[PDB]
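Here is the structure we will look at, set down as structure tokens.
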Amino acid sequence: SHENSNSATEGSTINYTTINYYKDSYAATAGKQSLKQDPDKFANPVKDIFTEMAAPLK
Amino acid sequence: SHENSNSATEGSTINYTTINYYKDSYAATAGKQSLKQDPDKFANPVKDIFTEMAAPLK
Amino acid sequence: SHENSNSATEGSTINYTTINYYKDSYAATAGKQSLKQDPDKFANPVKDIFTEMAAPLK
Amino acid sequence: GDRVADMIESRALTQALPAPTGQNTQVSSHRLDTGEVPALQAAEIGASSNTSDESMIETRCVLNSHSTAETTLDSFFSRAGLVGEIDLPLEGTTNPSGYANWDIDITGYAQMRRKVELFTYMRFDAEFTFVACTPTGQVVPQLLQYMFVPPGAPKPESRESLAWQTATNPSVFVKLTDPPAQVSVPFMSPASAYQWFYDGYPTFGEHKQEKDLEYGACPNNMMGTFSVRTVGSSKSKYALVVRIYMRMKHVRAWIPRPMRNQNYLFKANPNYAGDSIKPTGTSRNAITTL
Amino acid sequence: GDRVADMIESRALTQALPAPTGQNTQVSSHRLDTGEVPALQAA
Amino acid sequence: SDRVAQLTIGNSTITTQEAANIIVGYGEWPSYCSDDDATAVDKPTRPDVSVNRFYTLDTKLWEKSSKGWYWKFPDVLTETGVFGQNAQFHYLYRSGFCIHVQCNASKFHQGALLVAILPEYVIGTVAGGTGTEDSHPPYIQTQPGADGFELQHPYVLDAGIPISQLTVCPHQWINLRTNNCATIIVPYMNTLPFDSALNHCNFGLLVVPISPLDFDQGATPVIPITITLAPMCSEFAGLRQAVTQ
Ligand SMILES: *[C@@H]1O[C@H](CO)[C@@H](O[C@@H]2O[C@H](CO)[C@@H](O[C@@H]3O[C@H](CO[C@H]4O[C@H](CO[C@H]5O[C@H](CO)[C@@H](O)[C@H](O)[C@@H]5O[C@H]5O[C@H](CO)[C@@H](O)[C@H](O)[C@@H]5O)[C@@H](O)[C@H](O[C@H]5O[C@H](CO)[C@@H](O)[C@H](O)[C@@H]5O[C@H]5O[C@H](CO)[C@@H](O)[C@H](O)[C@@H]5O)[C@@H]4O)[C@@H](O)[C@H](O[C@H]4O[C@H](CO)[C@@H](O)[C@H](O)[C@@H]4O[C@H]4O[C@H](CO)[C@@H](O)[C@H](O)[C@@H]4O[C@H]4O[C@H](CO)[C@@H](O)[C@H](O)[C@@H]4O)[C@@H]3O)[C@H](O)[C@H]2NC(C)=O)[C@H](O)[C@H]1NC(C)=O
Ligand SMILES: CCO/N=C/c1ccc(OCC[C@@H](C)CCN2CCN(c3ccnc(N)c3)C2=O)cc1
């Protein structure tokens, strides 16, 4: 595994399980990626995050 | 061996000897499965299991 | 090497050098077998084995 | 927060033992013994009889090394059987314009259907294989596109349609000079098992005679539509057939049931011929002869 | 010189007790007891 | 110790003193849905007494020329009692059943029955007789209810499957020289853990006389067959207004 870092997914800490045969990383498999999701930057991107139980407009 | 658990035979303790080349477990070999059989749930599924030697209706 | 013992040559102590790719042993190579021969069960299968040097009918 | 004793007080019988070979027969001798009788069973219990060889006849020590691996479900079902045939003729009535929508129902041919109707619920992966050729048998340099249309996707309505762009559907482009296209298919049903038998109706409401067509039709089994066209704007100059073979792997089957003895007549219903109910076996003239 | 288990596995009920005299008759009493019956035999 | 039994659940008990034995269908008791299996996210109702009762349903007379009957469960109990009220309000449903069928006769009558279960007992037709017209069975042959329905061709069980190998499925015999009743405890068998109680009928209770009834004239000619059933470990979910069908 002495390939170049050519893939368009470089920019995370963990690597992926992509098998590759050429010396270029963009020719690799798509593989399986990390199942991390962050819905709070699209669902509730408010400044001061209010909880569920309280009334939102105190 | 960094595949997903996609096969329709997940649900036992032991795995099988199935060789796989893709990242999905349902694309694997059928392999050889465990030779465990339980005939007593179809042959004699009685509540209080009577033995061979005794008369069945005491 | 997690194959079934399906080959028609099971019945000896030593195995053979047969490469196999499927899970069934009868699909394997013929390989090379043991160079043991026993000519004395076809040549001289007599009850009381007489030697070379003596006359056979004392 | 209670003072009652009713609420505070408010599991399988069989163990699967490993059995690689059939069981041995230990040595028995004669027995002249009252009280215990291994022959006289009670069949009205509804149990199969647990009488063995040794307690009926004097037997010898037989080390049974006969393997029970051929009779597992993964060795009984993992054989590719013919489950579908798709015709793409040059001129005719049935698909004259070089496309065919075959909805995936593998109960259309009576050798694969007969085996998998032994069990009620089956959960399996499958690998389909699409052996395609001219009706005379020969292979012709013709390109085909197979695509799998799930329930809800747009069915392609013509050869030169827009649904053949396969932006998200899986599709296979194979020509007939190639070996048969073989792809593996997971367990896709919403339920935990493909049930071959659904005694019930899918929809609510009153059930009149006009909508008895839904009886026995479970939506957990109908998994879409398999579509195939000859790749091109013009019409292809070859008549085609596409035979579909599937073998099942990673099989789990539940709840056995009696195997069909009358001829199959339709798909997705057990309708049988009424005047032609034939006996399940052969027959003889008298019982006291052979 | 065998490997079979059939061949390798291949008597009076009464004891003569000494009785010089006829047996004695021990003391019995009445009995009002179900379950056990000494009279009803099976000939 | 096997001929005599007593089955008490709910507020209703049944005694039998010439039973055969209780068989538990597929070797396991009916149980509640674990949280590994459940997908509905509302808390189920579990009445636990008011619906776990032996409901005595109907009485079929068995004469010398009968064919056989079948009852689709649980549609025998969606018109009866607090089970029939909870199954009409609630969309989802699961339960097991303790199925007890009585048929007494004298010690001079003879004959045997095969009371058997089978899951997903779908009903075919005679296909227009010659076998060319796709006729579907009506709603009353499909789901007869507590009235039951009589088999037309019991050799093929109206489904193209022979009765000679019905004995695979959970069953026991009522032959009138030995026993007079047949208890069959059936768990909940279905793929998905709850289902609708009005559409899907999980199994059918085939009761077929194989060896026919026979008695010399002078004995009692009326030999009834009554089936009593008890939903065990029943629970419902998805409350809405009453549907009847
Ligand atoms: C118009 O015109 C028209 C024309 O005619 C008409 O019509 C009509 O109508 C009428 C009225 O309805 C009618 O009559 C009636 O009839 C009926 C019927 O009959 C029929 O049927 C039968 C049946 O059978 C069955 O069963 C048996 C047993 O039982 C068996 O064996 C068999 O097999 C069968 O089975 C089946 O079925 C079932 C059902 O349930 C099922 O389940 C199963 O599975 C199976 O499938 C029959 O049998 C019959 O037969 C007959 O015929 C033949 C010929 O071929 C012969 O062979 C025979 O033998 C017979 O005969 C006999 O019988 C009859 C009776 O049955 C007599 O009659 C004569 O004579 C001789 O003897 C048939 O087919 C019936 O039922 C009825 O009867 C009744 O009534 C009378 C008067 O009315 C009297 O007399 C009698 O006795 C009776 O009574 C009884 O019943 C009731 C009701 O049910 C009751 O309630 C009472 O109580 C009584 O009982 C008693 O007695 C008995 C004795 O008998 C005893 O057993 C008991 O226990 C008790 O004690 C009547 O008759 C007619 O039919 C018609 N027609 C024709 C032609 O058909 C009209 O009407 C006009 N219009 C005006 C306006 O008029
Ligand atoms: C390029 C893309 O290539 N794609 C290939 C491809 C192949 C197969 C495929 O899906 C296969 C589905 C089968 C595995 C199971 C069929 N089943 C389930 C039970 N069932 C029943 C149940 C009760 N009554 C009736 N009548 C039928 C039935 O017929 C999808 C895609």
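Chains: A, B, ... in order of the structure tokens. Residues: from 1 per chain. Ligands: from 1, in order shown.
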### Message
If we count only C-alpha atoms and set the cut-off at 9 Å, which residues sit around segment 134-149 of chain F, ignoring sequence neighbours fewer than 3 positions away in its own chain? Please answer as JSON, numbers by chain.
### Response
{"D": [199, 200, 207, 208, 209, 212, 213, 215, 265, 266, 269, 271], "F": [57, 58, 59, 60, 68, 69, 70, 71, 72, 73, 74, 75, 76, 77, 78, 79, 80, 122, 123, 124, 125, 126, 127, 128, 131, 201]}
### Task
Could you list the residues in chain B lying within 12 Å of chain A, using only C-alpha atoms, and format the result as JSON, numbers by chain?
{"B": [1, 2, 3, 4, 21, 22, 23, 24]}
Convert the current residue selection to file output with N, CA and C atoms, as a tab-separated table (two decimals), in the first residue's frame.
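Saved the output as selection-v2.tsv:
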```
chain	number	residue	atom	x	y	z
B	1	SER	N	-10.97	-8.71	5.55
B	1	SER	CA	-12.37	-9.05	5.81
B	1	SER	C	-13.07	-7.92	6.55
B	2	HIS	N	-13.43	-6.87	5.82
B	2	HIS	CA	-14.05	-5.68	6.40
B	2	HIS	C	-15.38	-5.40	5.70
B	3	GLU	N	-16.23	-6.42	5.69
B	3	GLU	CA	-17.48	-6.39	4.95
B	3	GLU	C	-18.62	-5.95	5.85
B	4	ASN	N	-19.75	-5.62	5.23
B	4	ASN	CA	-20.97	-5.28	5.95
B	4	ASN	C	-21.73	-6.55	6.28
B	21	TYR	N	-15.71	-11.55	-2.10
B	21	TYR	CA	-14.81	-10.64	-2.78
B	21	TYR	C	-15.29	-9.21	-2.79
B	22	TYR	N	-16.58	-8.98	-2.58
B	22	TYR	CA	-17.18	-7.66	-2.59
B	22	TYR	C	-17.38	-7.22	-1.15
B	23	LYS	N	-17.86	-6.01	-0.96
B	23	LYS	CA	-17.99	-5.51	0.41
B	23	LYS	C	-19.33	-5.86	1.04
B	24	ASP	N	-20.17	-6.64	0.36
B	24	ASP	CA	-21.49	-7.00	0.85
B	24	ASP	C	-21.58	-8.49	1.09
```
### Task
Step by step, measure atom-to-atom distances between ligand 1 and each residue using only C-alpha atoms and all ligand atoms, keep those at most 12 Å, then write them as a ChimeraX atom specification.
/F:60-69,149-154,208-209,212,217-222
Write out the residues from the selection above, keeping N, CA, C and O atoms, as a short mmCIF file (atom, residue, chain, number, x, y, z; two decimals), in the first residue's frame.
```
data_model
loop_
_atom_site.label_atom_id
_atom_site.label_comp_id
_atom_site.auth_asym_id
_atom_site.auth_seq_id
_atom_site.Cartn_x
_atom_site.Cartn_y
_atom_site.Cartn_z
N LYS F 60 -70.44 -28.72 15.57
CA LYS F 60 -70.67 -29.40 14.31
C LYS F 60 -71.10 -30.83 14.59
O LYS F 60 -70.42 -31.54 15.34
N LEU F 61 -72.21 -31.25 14.00
CA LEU F 61 -72.66 -32.62 14.14
C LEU F 61 -71.87 -33.48 13.17
O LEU F 61 -71.70 -33.11 12.01
N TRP F 62 -71.38 -34.61 13.65
CA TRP F 62 -70.56 -35.50 12.85
C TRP F 62 -71.30 -36.80 12.60
O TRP F 62 -71.44 -37.62 13.50
N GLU F 63 -71.78 -36.97 11.38
CA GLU F 63 -72.46 -38.18 10.95
C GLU F 63 -71.50 -39.04 10.15
O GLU F 63 -70.32 -38.72 10.00
N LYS F 64 -72.01 -40.15 9.61
CA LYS F 64 -71.15 -41.15 9.00
C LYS F 64 -70.60 -40.74 7.64
O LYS F 64 -69.71 -41.42 7.13
N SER F 65 -71.09 -39.65 7.06
CA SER F 65 -70.70 -39.26 5.71
C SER F 65 -70.13 -37.85 5.67
O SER F 65 -70.27 -37.16 4.66
N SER F 66 -69.51 -37.40 6.75
CA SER F 66 -68.99 -36.05 6.79
C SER F 66 -67.69 -35.97 6.00
O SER F 66 -67.04 -36.97 5.70
N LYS F 67 -67.32 -34.74 5.65
CA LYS F 67 -66.08 -34.49 4.94
C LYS F 67 -65.00 -33.93 5.85
O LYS F 67 -63.92 -34.50 5.96
N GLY F 68 -65.28 -32.82 6.51
CA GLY F 68 -64.30 -32.15 7.34
C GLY F 68 -64.60 -30.67 7.36
O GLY F 68 -65.29 -30.13 6.50
N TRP F 69 -64.07 -29.99 8.37
CA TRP F 69 -64.37 -28.59 8.59
C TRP F 69 -63.07 -27.82 8.77
O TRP F 69 -62.01 -28.41 8.97
N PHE F 149 -66.53 -23.79 8.23
CA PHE F 149 -66.90 -24.08 6.86
C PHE F 149 -66.52 -25.51 6.54
O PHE F 149 -65.49 -25.99 7.00
N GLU F 150 -67.34 -26.18 5.74
CA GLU F 150 -67.13 -27.59 5.45
C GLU F 150 -66.29 -27.77 4.20
O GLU F 150 -66.52 -27.11 3.19
N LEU F 151 -65.32 -28.68 4.27
CA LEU F 151 -64.43 -28.93 3.14
C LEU F 151 -65.17 -29.61 2.00
O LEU F 151 -65.99 -30.50 2.22
N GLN F 152 -64.87 -29.19 0.78
CA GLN F 152 -65.50 -29.76 -0.40
C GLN F 152 -64.75 -31.01 -0.86
O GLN F 152 -65.36 -32.05 -1.12
N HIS F 153 -63.43 -30.90 -0.95
CA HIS F 153 -62.59 -32.02 -1.36
C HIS F 153 -61.51 -32.17 -0.30
O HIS F 153 -60.44 -31.58 -0.41
N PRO F 154 -61.77 -32.97 0.74
CA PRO F 154 -60.83 -33.02 1.86
C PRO F 154 -59.57 -33.79 1.56
O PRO F 154 -58.61 -33.70 2.34
N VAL F 208 -60.85 -33.14 10.35
CA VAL F 208 -61.31 -34.03 9.29
C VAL F 208 -61.46 -35.43 9.86
O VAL F 208 -60.49 -35.96 10.41
N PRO F 209 -62.62 -36.07 9.75
CA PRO F 209 -62.70 -37.49 10.05
C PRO F 209 -62.05 -38.31 8.95
O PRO F 209 -62.50 -38.29 7.81
N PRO F 212 -64.08 -43.14 9.36
CA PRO F 212 -65.42 -42.58 9.55
C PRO F 212 -66.08 -43.10 10.81
O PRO F 212 -65.70 -44.12 11.38
N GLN F 217 -77.15 -49.43 14.94
CA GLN F 217 -78.36 -48.65 15.14
C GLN F 217 -79.01 -48.99 16.47
O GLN F 217 -79.32 -50.16 16.74
N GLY F 218 -79.23 -47.98 17.28
CA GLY F 218 -79.69 -48.16 18.64
C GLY F 218 -78.89 -47.26 19.56
O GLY F 218 -79.38 -46.84 20.61
N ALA F 219 -77.67 -46.96 19.16
CA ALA F 219 -76.84 -46.04 19.91
C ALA F 219 -77.23 -44.61 19.57
O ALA F 219 -78.10 -44.36 18.73
N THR F 220 -76.58 -43.66 20.21
CA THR F 220 -76.93 -42.26 20.04
C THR F 220 -76.39 -41.74 18.72
O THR F 220 -75.17 -41.71 18.53
N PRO F 221 -77.24 -41.31 17.79
CA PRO F 221 -76.77 -40.96 16.45
C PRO F 221 -76.23 -39.56 16.32
O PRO F 221 -75.76 -39.19 15.24
N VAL F 222 -76.28 -38.76 17.38
CA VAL F 222 -75.84 -37.38 17.35
C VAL F 222 -74.52 -37.30 18.10
O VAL F 222 -74.48 -37.41 19.33
#
```
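Nearest residue to ligand 2 among D:1, D:18, D:89, D:150 is D:150, counting only C-alpha atoms and all ligand atoms.
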The coordinates of chain B, once least-squares superposed on chain C over all sequentially paired C-alpha atoms, should be supplied as a PDB file with C-alpha atoms, in the first residue's frame.
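Result file superposed.pdb:
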```
ATOM      1  CA  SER B   1      -8.420 -24.829   3.884  1.00  0.00           C
ATOM      2  CA  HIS B   2     -11.900 -25.470   5.309  1.00  0.00           C
ATOM      3  CA  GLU B   3     -13.166 -28.039   2.827  1.00  0.00           C
ATOM      4  CA  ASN B   4     -15.377 -31.099   3.199  1.00  0.00           C
ATOM      5  CA  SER B   5     -13.885 -34.599   3.153  1.00  0.00           C
ATOM      6  CA  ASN B   6     -15.590 -35.594  -0.089  1.00  0.00           C
ATOM      7  CA  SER B   7     -12.677 -37.096  -2.009  1.00  0.00           C
ATOM      8  CA  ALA B   8     -12.656 -40.728  -3.079  1.00  0.00           C
ATOM      9  CA  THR B   9      -9.133 -41.205  -1.664  1.00  0.00           C
ATOM     10  CA  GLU B  10      -9.901 -40.734   2.033  1.00  0.00           C
ATOM     11  CA  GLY B  11      -8.737 -43.793   3.932  1.00  0.00           C
ATOM     12  CA  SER B  12      -5.013 -43.259   4.479  1.00  0.00           C
ATOM     13  CA  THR B  13      -2.985 -41.576   7.208  1.00  0.00           C
ATOM     14  CA  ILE B  14      -1.132 -38.992   5.104  1.00  0.00           C
ATOM     15  CA  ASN B  15      -2.851 -36.429   2.914  1.00  0.00           C
ATOM     16  CA  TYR B  16      -1.728 -35.435  -0.550  1.00  0.00           C
ATOM     17  CA  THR B  17      -0.450 -32.214  -2.096  1.00  0.00           C
ATOM     18  CA  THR B  18      -3.613 -31.323  -3.983  1.00  0.00           C
ATOM     19  CA  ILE B  19      -4.553 -27.680  -4.505  1.00  0.00           C
ATOM     20  CA  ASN B  20      -8.279 -27.000  -4.387  1.00  0.00           C
ATOM     21  CA  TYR B  21     -10.375 -23.895  -4.919  1.00  0.00           C
ATOM     22  CA  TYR B  22     -13.925 -25.089  -4.196  1.00  0.00           C
ATOM     23  CA  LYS B  23     -15.338 -26.351  -0.928  1.00  0.00           C
ATOM     24  CA  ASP B  24     -15.468 -29.989  -2.088  1.00  0.00           C
ATOM     25  CA  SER B  25     -12.449 -32.266  -1.976  1.00  0.00           C
ATOM     26  CA  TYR B  26     -13.373 -34.286  -5.044  1.00  0.00           C
ATOM     27  CA  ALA B  27     -12.940 -31.192  -7.196  1.00  0.00           C
ATOM     28  CA  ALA B  28      -9.278 -30.991  -6.179  1.00  0.00           C
ATOM     29  CA  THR B  29      -6.147 -31.804  -8.143  1.00  0.00           C
ATOM     30  CA  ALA B  30      -5.071 -35.415  -8.540  1.00  0.00           C
ATOM     31  CA  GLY B  31      -1.815 -34.425  -6.875  1.00  0.00           C
ATOM     32  CA  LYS B  32       1.042 -36.769  -6.146  1.00  0.00           C
ATOM     33  CA  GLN B  33       0.415 -39.836  -4.032  1.00  0.00           C
ATOM     34  CA  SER B  34       2.589 -41.984  -1.807  1.00  0.00           C
ATOM     35  CA  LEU B  35       5.191 -44.210  -3.426  1.00  0.00           C
ATOM     36  CA  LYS B  36       4.517 -47.209  -1.199  1.00  0.00           C
ATOM     37  CA  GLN B  37       4.205 -50.558  -2.925  1.00  0.00           C
ATOM     38  CA  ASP B  38       3.603 -54.049  -1.563  1.00  0.00           C
ATOM     39  CA  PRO B  39       4.540 -56.657  -4.171  1.00  0.00           C
ATOM     40  CA  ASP B  40       4.559 -59.497  -1.638  1.00  0.00           C
ATOM     41  CA  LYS B  41       0.763 -59.770  -1.613  1.00  0.00           C
ATOM     42  CA  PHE B  42       0.760 -60.557  -5.329  1.00  0.00           C
ATOM     43  CA  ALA B  43       4.194 -62.099  -5.840  1.00  0.00           C
ATOM     44  CA  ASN B  44       4.518 -64.508  -2.890  1.00  0.00           C
ATOM     45  CA  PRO B  45       1.283 -64.598  -0.856  1.00  0.00           C
ATOM     46  CA  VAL B  46       2.229 -67.874   0.810  1.00  0.00           C
ATOM     47  CA  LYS B  47       1.353 -68.677   4.411  1.00  0.00           C
ATOM     48  CA  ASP B  48       4.845 -69.483   5.718  1.00  0.00           C
ATOM     49  CA  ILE B  49       7.236 -67.275   3.767  1.00  0.00           C
ATOM     50  CA  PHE B  50      10.327 -69.184   2.644  1.00  0.00           C
ATOM     51  CA  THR B  51      13.561 -67.381   1.887  1.00  0.00           C
ATOM     52  CA  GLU B  52      15.485 -67.035  -1.368  1.00  0.00           C
ATOM     53  CA  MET B  53      18.532 -69.071  -0.383  1.00  0.00           C
ATOM     54  CA  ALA B  54      16.773 -72.213   0.811  1.00  0.00           C
ATOM     55  CA  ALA B  55      15.223 -74.800  -1.433  1.00  0.00           C
ATOM     56  CA  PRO B  56      11.468 -74.077  -1.414  1.00  0.00           C
ATOM     57  CA  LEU B  57      10.448 -77.706  -0.814  1.00  0.00           C
ATOM     58  CA  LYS B  58      12.544 -78.979   2.080  1.00  0.00           C
TER      59      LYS B  58
END
```
### Message
At a cut-off of 9 Å and counting only C-alpha atoms and all ligand atoms, what residues surround ligand 2? Please answer as a ChimeraX atom specification.
### Response
/D:103-108,122-130,145-150,169-173,181-189,193-198,216-227,244,246-248,267-269
### Task
Provide as a ChimeraX atom specification the residues of chain D at most 12 Å from chain E, counting only C-alpha atoms.
/D:25-30,58-63
Write a file of the selected residues as a PDB file, in the first residue's frame, keeping C-alpha atoms.
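Resulting contents of again.pdb:
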```pdb
ATOM      1  CA  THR D  25     -26.911 -48.622  16.486  1.00  0.00           C
ATOM      2  CA  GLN D  26     -25.717 -50.027  19.787  1.00  0.00           C
ATOM      3  CA  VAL D  27     -25.771 -53.747  20.517  1.00  0.00           C
ATOM      4  CA  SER D  28     -29.032 -55.046  21.912  1.00  0.00           C
ATOM      5  CA  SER D  29     -30.010 -58.504  23.064  1.00  0.00           C
ATOM      6  CA  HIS D  30     -33.316 -60.219  23.680  1.00  0.00           C
ATOM      7  CA  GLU D  58     -31.440 -57.881  18.163  1.00  0.00           C
ATOM      8  CA  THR D  59     -28.999 -55.494  16.476  1.00  0.00           C
ATOM      9  CA  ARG D  60     -25.238 -55.221  16.031  1.00  0.00           C
ATOM     10  CA  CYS D  61     -22.837 -52.353  16.667  1.00  0.00           C
ATOM     11  CA  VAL D  62     -23.019 -50.250  13.505  1.00  0.00           C
ATOM     12  CA  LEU D  63     -20.835 -47.147  13.491  1.00  0.00           C
TER      13      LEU D  63
END
```
#### Entry: Residues within 7 Å of segment 9-11 of chain F, only C-alpha atoms, excluding chain neighbours under 4 positions, as a list in words
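Using only C-alpha atoms, the neighbours found are residues 49, 50, 52 and 53 of chain F.
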Selection file, N, CA, C and O atoms, as a PDB file, in the first residue's frame:
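Output (selection-v7.pdb):
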```
ATOM      1  N   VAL F  49     -56.660 -11.033  31.300  1.00  0.00           N
ATOM      2  CA  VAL F  49     -57.657 -11.933  31.871  1.00  0.00           C
ATOM      3  C   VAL F  49     -58.854 -11.966  30.939  1.00  0.00           C
ATOM      4  O   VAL F  49     -59.334 -13.036  30.556  1.00  0.00           O
ATOM      5  N   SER F  50     -59.332 -10.781  30.569  1.00  0.00           N
ATOM      6  CA  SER F  50     -60.585 -10.623  29.856  1.00  0.00           C
ATOM      7  C   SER F  50     -60.563 -11.187  28.450  1.00  0.00           C
ATOM      8  O   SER F  50     -61.631 -11.363  27.862  1.00  0.00           O
ATOM      9  N   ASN F  52     -58.048 -13.865  27.666  1.00  0.00           N
ATOM     10  CA  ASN F  52     -57.398 -15.169  27.694  1.00  0.00           C
ATOM     11  C   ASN F  52     -58.338 -16.210  28.295  1.00  0.00           C
ATOM     12  O   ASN F  52     -58.055 -16.853  29.295  1.00  0.00           O
ATOM     13  N   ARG F  53     -59.463 -16.399  27.624  1.00  0.00           N
ATOM     14  CA  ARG F  53     -60.505 -17.277  28.114  1.00  0.00           C
ATOM     15  C   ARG F  53     -60.783 -18.350  27.082  1.00  0.00           C
ATOM     16  O   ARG F  53     -60.621 -18.122  25.887  1.00  0.00           O
TER      17      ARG F  53
END
```
List every residue of chain F that has an atom at most 9 Å from any atom of chain B, and for each one report the closest atom pair and its distance in Å to one decimal, counting only C-alpha atoms, with rows sorted by chain and then by increasing residue number, as a Markdown table.
```
| residue | atom | partner | partner_atom | distance |
| --- | --- | --- | --- | --- |
| F:1 | CA | B:58 | CA | 6.5 |
| F:2 | CA | B:57 | CA | 6.2 |
| F:3 | CA | B:57 | CA | 6.7 |
| F:20 | CA | B:57 | CA | 7.4 |
| F:21 | CA | B:46 | CA | 7.1 |
| F:22 | CA | B:47 | CA | 5.7 |
| F:23 | CA | B:46 | CA | 4.0 |
| F:24 | CA | B:45 | CA | 5.6 |
| F:25 | CA | B:45 | CA | 6.5 |
| F:26 | CA | B:41 | CA | 5.1 |
| F:27 | CA | B:41 | CA | 4.8 |
| F:28 | CA | B:41 | CA | 8.3 |
| F:168 | CA | B:42 | CA | 7.2 |
| F:169 | CA | B:42 | CA | 7.9 |
| F:170 | CA | B:42 | CA | 7.8 |
```
### Message
Can you tell me which residues surround segment 230-245 of chain F at a distance of at most 8 Å, considering only C-alpha atoms, apart from same-chain residues fewer than 4 positions away, and format the answer as a VMD selection string?
### Response
(chain D and resid 204 to 206) or (chain F and resid 9 30 to 32 42 to 48 51 to 55 86 to 99 198 to 199)
Got a sec: who's within 12 Å of segment 235-242 of chain D, counting only C-alpha atoms, leaving out chain neighbours fewer than 6 positions off, as a PDB file with C-alpha atoms, in the first residue's frame?
```pdb
ATOM      1  CA  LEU D  82     -35.754 -21.833 -14.237  1.00  0.00           C
ATOM      2  CA  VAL D  83     -38.074 -19.205 -12.754  1.00  0.00           C
ATOM      3  CA  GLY D  84     -38.715 -16.896 -15.680  1.00  0.00           C
ATOM      4  CA  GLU D  85     -38.712 -16.633 -19.453  1.00  0.00           C
ATOM      5  CA  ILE D  86     -38.871 -13.366 -21.389  1.00  0.00           C
ATOM      6  CA  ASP D  87     -39.674 -13.235 -25.110  1.00  0.00           C
ATOM      7  CA  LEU D  88     -38.592 -10.346 -27.352  1.00  0.00           C
ATOM      8  CA  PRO D  89     -39.810 -11.381 -30.811  1.00  0.00           C
ATOM      9  CA  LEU D  90     -39.351  -9.457 -34.037  1.00  0.00           C
ATOM     10  CA  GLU D  91     -43.015  -9.217 -35.033  1.00  0.00           C
ATOM     11  CA  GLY D  92     -45.988 -10.443 -33.050  1.00  0.00           C
ATOM     12  CA  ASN D  95     -43.875  -7.491 -26.868  1.00  0.00           C
ATOM     13  CA  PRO D  96     -43.408  -6.573 -30.562  1.00  0.00           C
ATOM     14  CA  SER D  97     -41.291  -3.463 -29.913  1.00  0.00           C
ATOM     15  CA  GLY D  98     -38.272  -4.935 -28.161  1.00  0.00           C
ATOM     16  CA  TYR D  99     -38.983  -4.405 -24.480  1.00  0.00           C
ATOM     17  CA  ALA D 100     -40.546  -6.633 -21.869  1.00  0.00           C
ATOM     18  CA  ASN D 101     -41.602  -6.016 -18.287  1.00  0.00           C
ATOM     19  CA  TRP D 102     -41.508  -9.260 -16.315  1.00  0.00           C
ATOM     20  CA  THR D 129     -28.519 -15.527 -14.035  1.00  0.00           C
ATOM     21  CA  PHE D 130     -29.891 -14.394 -17.377  1.00  0.00           C
ATOM     22  CA  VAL D 131     -29.156 -16.852 -20.193  1.00  0.00           C
ATOM     23  CA  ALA D 132     -30.210 -15.117 -23.408  1.00  0.00           C
ATOM     24  CA  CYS D 133     -30.234 -16.328 -27.015  1.00  0.00           C
ATOM     25  CA  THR D 134     -32.197 -16.417 -30.268  1.00  0.00           C
ATOM     26  CA  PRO D 135     -35.194 -18.824 -30.279  1.00  0.00           C
ATOM     27  CA  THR D 136     -33.261 -21.199 -32.528  1.00  0.00           C
ATOM     28  CA  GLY D 137     -30.586 -21.248 -29.840  1.00  0.00           C
ATOM     29  CA  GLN D 138     -27.732 -19.405 -31.495  1.00  0.00           C
ATOM     30  CA  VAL D 139     -25.940 -16.387 -30.095  1.00  0.00           C
ATOM     31  CA  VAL D 140     -26.044 -13.133 -32.035  1.00  0.00           C
ATOM     32  CA  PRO D 141     -24.047  -9.899 -31.578  1.00  0.00           C
ATOM     33  CA  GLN D 142     -26.843  -7.987 -29.851  1.00  0.00           C
ATOM     34  CA  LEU D 143     -26.561  -5.686 -26.841  1.00  0.00           C
ATOM     35  CA  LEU D 144     -29.161  -5.915 -24.087  1.00  0.00           C
ATOM     36  CA  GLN D 145     -29.977  -3.858 -21.019  1.00  0.00           C
ATOM     37  CA  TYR D 146     -31.566  -5.526 -18.015  1.00  0.00           C
ATOM     38  CA  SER D 158     -41.176   1.623 -24.624  1.00  0.00           C
ATOM     39  CA  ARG D 159     -37.744   0.729 -25.931  1.00  0.00           C
ATOM     40  CA  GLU D 160     -36.607   4.353 -26.327  1.00  0.00           C
ATOM     41  CA  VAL D 174     -24.501  -7.532 -21.508  1.00  0.00           C
ATOM     42  CA  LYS D 175     -24.216  -8.642 -25.097  1.00  0.00           C
ATOM     43  CA  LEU D 176     -25.095 -12.159 -26.110  1.00  0.00           C
ATOM     44  CA  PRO D 180     -24.618 -15.186 -18.947  1.00  0.00           C
ATOM     45  CA  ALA D 181     -24.960 -12.153 -16.707  1.00  0.00           C
ATOM     46  CA  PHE D 226     -37.530  -6.817 -14.166  1.00  0.00           C
ATOM     47  CA  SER D 227     -37.279  -4.953 -17.469  1.00  0.00           C
ATOM     48  CA  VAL D 228     -35.180  -5.777 -20.527  1.00  0.00           C
ATOM     49  CA  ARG D 229     -34.759  -3.959 -23.837  1.00  0.00           C
TER      50      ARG D 229
END
```
